[PDB]
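**Student:**
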Amino acid sequence: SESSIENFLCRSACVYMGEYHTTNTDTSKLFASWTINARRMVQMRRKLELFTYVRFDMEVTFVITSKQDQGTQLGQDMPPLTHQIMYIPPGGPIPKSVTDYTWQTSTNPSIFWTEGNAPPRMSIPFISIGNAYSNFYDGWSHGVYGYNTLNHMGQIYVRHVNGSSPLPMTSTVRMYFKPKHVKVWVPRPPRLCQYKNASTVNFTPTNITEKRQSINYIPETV
Amino acid sequence: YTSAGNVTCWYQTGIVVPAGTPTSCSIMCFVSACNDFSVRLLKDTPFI
Amino acid sequence: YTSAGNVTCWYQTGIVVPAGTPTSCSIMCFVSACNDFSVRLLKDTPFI
Amino acid sequence: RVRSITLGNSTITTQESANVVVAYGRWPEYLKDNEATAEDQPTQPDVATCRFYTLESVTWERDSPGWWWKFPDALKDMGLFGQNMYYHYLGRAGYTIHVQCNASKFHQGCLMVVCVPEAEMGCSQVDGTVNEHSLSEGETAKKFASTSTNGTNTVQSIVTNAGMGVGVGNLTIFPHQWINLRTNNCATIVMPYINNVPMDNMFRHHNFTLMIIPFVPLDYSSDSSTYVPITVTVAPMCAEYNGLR
Amino acid sequence: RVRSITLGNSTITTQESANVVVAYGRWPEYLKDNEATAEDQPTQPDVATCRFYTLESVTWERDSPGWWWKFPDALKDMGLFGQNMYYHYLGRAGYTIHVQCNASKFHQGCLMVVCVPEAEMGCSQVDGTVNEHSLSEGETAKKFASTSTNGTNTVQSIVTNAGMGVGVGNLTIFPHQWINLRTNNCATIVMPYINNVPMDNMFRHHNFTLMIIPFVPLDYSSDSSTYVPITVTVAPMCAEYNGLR
Amino acid sequence: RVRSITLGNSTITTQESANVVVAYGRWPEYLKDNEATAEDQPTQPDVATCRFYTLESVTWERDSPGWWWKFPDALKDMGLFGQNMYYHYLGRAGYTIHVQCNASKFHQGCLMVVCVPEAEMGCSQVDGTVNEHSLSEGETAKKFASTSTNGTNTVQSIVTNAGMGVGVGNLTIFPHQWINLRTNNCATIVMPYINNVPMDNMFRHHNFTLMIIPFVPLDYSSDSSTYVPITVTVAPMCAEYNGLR
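Chains as they are written, first to last, in the deposited numbering: chain A, 60 to 201, 206 to 285; chain C, 184 to 231; chain C', 184 to 231; chain B, 12 to 256; chain B', 12 to 256; chain B'', 12 to 256. A prime marks a further copy of an entry chain.
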C-alpha cells in the first residue's frame, strides 16, 4: 500500500533555482526562465524511467526571496516588492525583454504576488494532444532522434513588477514541482548507467555488479 | 557477519556423458518474490 | 516458360549433432492427389 | 504430433505442444468505431497482410553476441505489406512471431527471445547523435558486440548493456521466451499494437525491436555441425490504414 | 513434470512419475496406546526429525564393488536426530530413503538398491570376533571388495557373498529396487520399524543396512565424465522415545 | 509398454503402440460353406499352423541392395506347415508378418517393407527362360543387385527395377510400411488369401513376395556397430486343405 504508484510518485521537489535583478546592463539578467521538461531533474528522472508512458496533472509552488545590493546606497524605506509569474502553454509567444508586449497577452496565465504573504501556487492539467506522455521514443521528430513534439509542456517566466527607473535589488526563485493523479504503462528495467546528458540515453559501459572472493564464499556467521 | 540463511550445491555423483558430446555444462539461476511481500519507509536510492 | 508455382527450401539454421554420429543426412519427398481431381478427353499415352 | 497452419498462400508446420506468449494479455484488434468518428476514415486490406513472411536464417556459432530487427522497416520490402507502407500515411498492426531452430541432441546452448517496445538505443560516443543506418539494415539482422564499440555514428552495442544502458539479465520484464536446446527449439510471441496514439506513421517511428541473445554459448564436439540456423517467421495481424476517399 | 517436497526447512525435488516401494506393505506408525499402559511413558519430538538429511555423494567408477550404511549410527551426528539418540534411552523410528544419480545418455550401468534387516556380517578370519569399527564409520560408506579379504578384524567383504555368506543374486527377497541407467535414475524405499520388541537402544543394535551394488559395471567412451555421483537422502518418519518425567 | 503374444508354444514380445496394416481392408477367413458344396470336402489342422515361425536374421550394412522371400516355399521346411504342404494337394492360408530390427540412436537409415502379390520376375537375358532355383532358395533370402546383372538363368535383379520392369518408387501401390530408424523399428502387415480360384497347389504357384529395400542407406560413426540385424516372424492364419476321406 506504500508501494502503490500514487505513493511512489506524488511527492514534491525543487527543480530550478534562478536569479534575476531589477536593474542591470545585460537585459537577460532581468528575468528568470525555465523550460519544463521531465528529463532535467535527476530526482524524478530515474523514478520515471521504470515506465514507458505516463499521464499526470502538475502542481507548482514558488518560494521567492530578495536582497539589496551591497553597492553604495543605504537608508532606503522600500515598500514590499511585487512579482509576476507567467506560464506559457505549448504554442504561445515568448518574451525577449522585460518590457515586451508579450507579458500582457490575455492567453498566458499569470500570477501577481507581493512579499510577506503565503507562497504562490497554480495547477496544470494534462496538456497533450496525444493520450499520454512518452518517456521513451524510438524514432525521429520529422530530424532529431529520440525527441518528439508531443512532450511539449510549456515554460515559466518571472520578473519584477516595478514602475520606471527602479531601485537595485536581486531576487531568487525556487520552483517546487509535484505530480498528481498519476497513471503508468509498460514497465522497463532500471538504468544501470550514470546519465550523461539530459536529452539522450547515452552512457558508458559499466559492470553488471560487484565482485567477491570466490563462487563459494559466504561471510562468517556472527 | 551475515545472520542470514544460505544455499549451497554439492556434487552427489558427477556428470556422465556418451561419446561425441561437449565437455563442460552450466547452471543458471533466477530469483523472484512470492505473493506476500511488504515494504515500508520510502527513501532515496543509493545507486546514483 | 513455366507460368506455374514453385516450392523451395532454405537453410534457416544448419544441422547440429553430438559426437559419434554420421555426417550427412537426407530428405525424401512424396506426392499424391487430394480428393477433388478432374480429368477429361481420354487420349493415347506418349510413353510407349 | 505436427500441426500445419495456412495463411493465404503460405504454409508452415509447427508442433502442437508449443506454448504461446500473449504480450500483456491482450490480443490484437481493430480500433472500434467512434474514437475519431466524424471524418477520420479507416480501412483494412486484410488480403496479403495475413500471410507468413519468412526472413532469412542467421547462423549461430560459438562466438555470436546476438541479432536484432526493427519492426516495421524489416517488412518494408516484403511485398504488399511494404506497398501499403508507401501509399498510406497512417497505420497500425499487430504481429505474431515464430522463432525456430534446428539442432541435434549432441549440441547445447540457450537463447533468450524478447520483444522490447521502444528500444531507444544510445550512441557509441557520448556527445553524439545516432545515425539511422546504424539502427537498421532492413531485413538483415544487425549484430551486438562482445566488447565495447568505438568510432563515430556506431551504436554502443556491447551485449551486456543491450545498447540501452540496462542490465541484460533484467530483460525478462518484457515479453520473452527461453529456448533451451535440451528441450524445445521453438518460441512464439503474439504482440499487439502498443503506442500512445491510435495510429502513426511507419517510416518515422520504430514500434518495437526483436532481440535474440545467447546466454549459454553454443558448443559441440568432434564431427557435429559447427553451426545452428535460426529462422524467424512473421504474420501481421489486424492491420489498418487511413481512408483514401 | 517435477514435484518438489518440503519437510521443515528442507526442500528437494523429484520426478512425480517415480515408483515407491513400501517394504512389506506396512507404513510407519506409532505404537498405539496400551501395550505397556501403566508407567511406560512415550513421547515424540516430531519437530526436527521429519526433515531431509542429505549424506555425501559417493563416486561410481569402472571398478567399484559397492557401498553400505548402518541405520542408525549414520544419523548419529545429524543434528537433532543425533541429539535424542544421546538423551533418550529407548527409541524407534521409520525411514524414507531416496537414492538418486546423475548420468548422461552415453553412459551405461545397473545398480541394485536393497535394505537388509539385521545384516549380521561375518569376520574375515574364521576363528575371530568382528570389531565394531570394521562394521561402521558413521556417515561414511564402507566398501565391499572384489576379491577375498584377509588380515585380522576385517569383515569378509567379498561382494559375491555380501558379507553374509549368501548368494548375492538372492537379495531380491528383501525390499529392493533396480536402477538401470537407460531408464530411471531414482529409487525410493519406505521402511517401517521392524524389531522383536517395541522399543530398543540405538547404540547397541543396528536395525537394518542399506546396500548399493553394481551388477553391470559402469562404462563410458571418449570424452565423457569418468564417474557418476550417487546421492542418498533420508527422512525419519514417526519417531518416538521414552518419557523423561 | 510391452505387449507379449502367445500362439501355441511360441512367445514373442512387441510394442503395443505398433501400427498394423491390413492389406486391402480384408481379414483372413475360411471359404464359407457352399461354393463347392457337393463333394469338395475341406478341412483345417489349426493346431501347429497358428504359431510363430521365426526365420533367420539378415545383416544390413552400408552396401546392401535388399532381400526377398517367396511365400510359400519359405515355410516348406518349417515343421508341420511344411508337412501339410506334402500330404495335401490343395490349400490356402493367410499370414501375419512382423518385421523388426535393433539399432541405436547413433545409426540412421530407412527401409521399405512391401508384400507384392504375384511378383512375376523377368530373366537377365532377354530371350531366355528363368530357372526356378534363381527365384527361391527357400528360407534363405535372395539378394537384389545395385548394378545390372548378366549371365544365363539369372534374374535381372537390379534394385531400381525390382526385377519387374517397374519403377521402384511406385511400390507404394501395394501393402507397405516404412521403417525410419529415428522413429519406430517395427512393421506389421496382415495378408489375406488372394487368388483367382478358391484353392490351389502350393509348389507350383507363388502367391506373393515379401521385399525389403533400403532407400536411405545405413550409416554410422566411430565405434558403433557396423551392422543392423533385421528379423522376420510369420504366423499362418486360417489355413485350410482338401479332405482325405
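Backbone N, C-alpha and C define an ideal beta-carbon position, used for all residues, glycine too.
At a Cβ cut of 8 Å, what residues of the region 218-239 of chain B'' count as close to chain C', listed as they run along the chain?
**Tutor:** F226, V227, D230, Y231, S232, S233, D234, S235
**Student:** I'd like to know whether the C-beta of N218/C is nearer than 7 Å to at least one C-beta of chain A.
**Tutor:** Output row for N218/C: interface = no.
**Student:** Within a Cβ cutoff of 6 Å, which residues of the same chain sit near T161/A, ignoring the five residues on either side of it in sequence?
**Tutor:** Within the same chain, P152, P154 come within 6 Å of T161/A by CB-CB distance, once the 5 residues on both sides are set aside.
**Student:** Quick one: residues in its chain with C-beta nearer than 8 Å to the C-beta of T164/A, no 5 flanking neighbours on either side, listed in chain order?
**Tutor:** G151, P152
**Student:** Apply the 10 Å Cβ neighbour rule to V58/B and answer buried if 16 or more other Cβ atoms are within range, or exposed otherwise.
**Tutor:** With fewer than 16 other Cβ atoms within 10 Å, it is exposed.
**Student:** Can the beta-carbon of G120/B' be found closer than 7 Å to that of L221/B'?
**Tutor:** no
**Student:** Classify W80/B'' as buried or exposed, calling it buried when 16 or more other Cβ atoms lie within 10 Å of its own Cβ.
**Tutor:** buried
**Student:** Go through the region 56-129 of chain B' residue by residue and report every complete run of the beta strand (DSSP E) that reaches 3 residues or more, in order.
**Tutor:** 64-71, 78-82, 102-112, 119-128
**Student:** In angstroms with no decimal places, state the Cα-to-Cα distance between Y238/B'' and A202/C'.
**Tutor:** 19 Å
**Student:** Classify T25/B as helix, strand or coil using the three-state DSSP reduction.
**Tutor:** strand
**Student:** Three Cβ pairs or more, each shorter than 8 Å: is that satisfied between the region 169-182 of chain B'' and the region 106-119 of chain B''?
**Tutor:** No contact exists between the region 169-182 of chain B'' and the region 106-119 of chain B''.
**Student:** Just to confirm, is the Cβ distance from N265/A to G133/B under 7 Å?
**Tutor:** The Cβ-Cβ distance between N265/A and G133/B falls below 7 Å.
**Student:** Following the continuous alpha helix (DSSP H) through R104/A, name the residue where it begins and the one where it ends.
**Tutor:** 101-107
**Student:** Identify, in the order they occur along the chain, each residue of the same chain with its Cβ nearer than 6 Å to the Cβ of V110/B, setting aside the five sequence neighbours on each side.
**Tutor:** Here the set comprises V124, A198, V243.
**Student:** Tell me, please, whether the CB atom of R256/B is closer than 7 Å to any CB atom in chain A?
**Tutor:** no
**Student:** Assess contact between the region 49-57 of chain B'' and the region 248-255 of chain B'', defined as three or more Cβ pairs (one per stretch) separated by less than 8 Å. Is contact present?
**Tutor:** The region 49-57 of chain B'' vs the region 248-255 of chain B'': in contact.
**Student:** Contact criterion: CB-CB distance below 7 Å. Does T196/C meet it with respect to chain B?
**Tutor:** Not an interface residue.
**Student:** Smallest Cα separation from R103/B'': which of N207/B'', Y64/B'', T24/B''?
**Tutor:** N207/B''
**Student:** Helix, strand or coil for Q163/A per DSSP?
**Tutor:** Note: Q163/A maps to helix in three-state DSSP.
**Student:** Please tell me whether residue 173/C has its Cβ less than 7 Å away from any Cβ of chain A.
**Tutor:** For residue 173/C there is no data in the structure shown, the boundaries of chain C being 184 and 231.
**Student:** Sorted by chain position, which residues of the same chain lie with C-beta nearer than 6 Å to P83/B''s C-beta, five sequence neighbours on each side aside?
**Tutor:** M213
**Student:** Roughly how many angstroms lie between the CA atoms of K274/A and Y280/A, to the nearest whole one?
**Tutor:** 11 Å
**Student:** Can you tell me whether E50/B' is helix, strand or coil according to DSSP?
**Tutor:** coil
**Student:** Looking at the secondary structure, which residues open and close the alpha helix (DSSP H) in which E65/A lies?
**Tutor:** 64-68
**Student:** Please list the partners that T204/C' has in chain B'', where partner means a Cβ-to-Cβ separation under 7 Å.
**Tutor:** Contact note: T204/C' reaches chain B'' through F117, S232, using a C-beta cutoff of 7 Å and chain order.
**Student:** My assumption, with CB atoms under 8 Å, is that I23/B sits in contact with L122/B. Please give the rounded CB distance.
**Tutor:** Contact flag wrong, Cβ pair sits at about 20 Å.
**Student:** Measure the C-alpha to C-alpha separation of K226/C' and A216/C' and round it to an integer number of angstroms.
**Tutor:** 21 Å
**Student:** Report the residues of the region 233-266 of chain A with a CB closer than 8 Å to any CB of chain B, ordered along the chain.
**Tutor:** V249, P250, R251, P252, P253, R254, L255, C256, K259, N260, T263, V264, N265, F266
**Student:** Does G180/B' come out as helix, strand or coil in the three-state DSSP assignment?
**Tutor:** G180/B' falls in the helix class under three-state DSSP.
**Student:** For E129/B, does the count of other Cβ atoms within 10 angstroms reach 16, so buried, or fall short, so exposed?
**Tutor:** buried
**Student:** Is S21/B near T196/C', with beta carbons less than 7 Å apart?
**Tutor:** no
**Student:** Tell me whether the region 178-198 of chain B' and the region 148-164 of chain B' touch, counting them as touching only if at least three CB pairs, one residue from each stretch, are closer than 8 Å.
**Tutor:** no
**Student:** Would you verify that the beta carbon of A250/B is, or is not, closer than 7 Å to some beta carbon of chain C'?
**Tutor:** For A250/B, the closest Cβ of chain C' is not nearer than 7 Å.
**Student:** Report yes if the C-beta distance between residue 1/B and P209/B is below 7 Å; otherwise report no.
**Tutor:** As shown, chain B starts at 12 and ends at 256. That puts residue 1/B outside it, with no answer to give.
**Student:** Identify the continuous beta strand (DSSP E) that holds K246/A and give its terminal residues.
**Tutor:** Residues 232-250.
**Student:** Taking buried to mean at least 16 other C-beta atoms within 10 Å of its own C-beta, is residue 11/B' buried or exposed?
**Tutor:** This structure does not reach residue 11/B', given that chain B' is present from 12 up to 256, and the question cannot be answered.
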